[PDB]
Each structure stands twice: as C-alpha cells, then as structure tokens.
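Presented below is the structure to which this report refers.
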Amino acid sequence: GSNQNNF
Ligand SMILES: [Zn+2]
C-alpha cells in the first residue's frame with residue numbers, strides 16, 4: 001500500500 005503522513 002501507499003502511505004501519507006500529514007504532520
Ligand atoms: Zn505498501
């Protein structure tokens with residue numbers, strides 16, 4: 001899967 005982190 002692809003991952004995104006929006007800190
Ligand atoms: Zn993955």
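Residue numbering restarts at 1 in every chain; chains get A, B, ... in the order shown in the structure tokens, and ligands count up from 1 in that same order.
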Hey, which residues come within 10 Å of ligand 1 if we count only C-alpha atoms and all ligand atoms? Could you give them as JSON, numbers by chain? {"A": [1, 2, 3]}
Give me a file of those residues, with C-alpha atoms, as a PDB file, in the first residue's frame.
ATOM      1  CA  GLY A   1       0.000   0.000   0.000  1.00  0.00           C
ATOM      2  CA  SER A   2       0.982   3.639  -0.342  1.00  0.00           C
ATOM      3  CA  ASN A   3       1.397   5.782   2.826  1.00  0.00           C
TER       4      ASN A   3
END
